[PDB]
Amino acid sequence: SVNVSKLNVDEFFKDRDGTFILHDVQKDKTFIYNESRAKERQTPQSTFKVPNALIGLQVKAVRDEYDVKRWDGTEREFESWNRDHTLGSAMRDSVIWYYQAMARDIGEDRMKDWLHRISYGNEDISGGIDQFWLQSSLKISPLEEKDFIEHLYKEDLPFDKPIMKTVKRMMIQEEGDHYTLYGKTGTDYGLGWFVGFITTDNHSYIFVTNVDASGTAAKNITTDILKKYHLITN
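Per the deposited numbering: the sequence shown = residues 56 to 289.
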């Protein structure tokens, strides 16, 4: 079994400055590469979709993971964005407009009320009910991202128990034979997020990758770190 305090991932953060956080749930040991970066607050970008999904389900602004919002016909950057989407599928492809239509329904007040309840970074939605998390006022540190995620894994959050399990199922990236990979990406302005967790037989871990590349680059670093420590196989 892995000792997450003997970890070294320098070979993975060559060619792009970033940070990595892996917390053994059972053994209660957190490893941090580049403690400095892990401690500074940044835009959550699309990682905020996980809290936005919880609040939106909690206050019944959307129904389940399948709540359909029809595409408005505006053709946007990515083609996966230009079709009908649900809550889950919009979390899969980071379809910003779905979660934007949802945050408008959640409302300034309930979004400020819940952000202070789950202590998400600086809680500042001053940038707009549908903008604060996208290169704007709201900013959270990767370490605060790990903590939030850890809470959602343990279900220590003040959301309904089935709601947290609906959001966590939505974050599934790979259902391997010996592990289930959970996580959300975030991308923009040369900064990439990957936040989630991984379960094996008798083990589960919270991780947070943050790097000067894309989200996809952040996820590929994470899955590479996890492969180097026998956490991801097949």
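The beta carbon of each residue, even a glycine, is placed where N, CA and C say it ideally should be.
Discussion item. Is it buried or exposed, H233, if we count other Cβ atoms within 10 angstroms and call 16 or more buried?
Written reply: Counting every other CB atom within 10 Å of its CB across the protein chains shown gives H233 a total below 16, marking it as exposed.
Discussion item. Is it buried or exposed, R92, if we count other Cβ atoms within 10 angstroms and call 16 or more buried?
Written reply: A residue is called buried when at least 16 other Cβ atoms come within 10 angstroms of its Cβ; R92 meets this threshold and is buried.
Fill in: Reduced DSSP category for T242 - H, G, I as helix; E, B as strand; rest coil
The answer is strand: DSSP assigns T242 an E or B state.
Fill in: Endpoints, alpha helix (DSSP H) assigned at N265
Careful: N265 lies outside any alpha helix (DSSP H), inside the beta strand (DSSP E) at 258-266.
Worksheet entry | Residue range of the beta strand (DSSP E) that includes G73 | It spans 73-79 - the beta strand (DSSP E) in which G73 sits, taken as one unbroken run.
Item to complete: Tell me whether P213 is buried or exposed, calling it buried when 16 or more other Cβ atoms sit within 10 Å of its Cβ.
Response: Under this definition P213 is an exposed residue.
Item to complete: Find the nearest neighbour of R131 within the set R165, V80, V150, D72, judged by alpha-carbon distance.
Response: Among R165, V80, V150, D72, the Cα nearest to that of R131 is on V150.
Item to complete: Specify the secondary structure class of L189 as computed by DSSP and reduced to three states.
Response: Of the three classes helix, strand and coil, the one that applies to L189 here is coil, per DSSP.
Fill in: According to DSSP, residues forming a beta bridge with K124
Per DSSP, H140.
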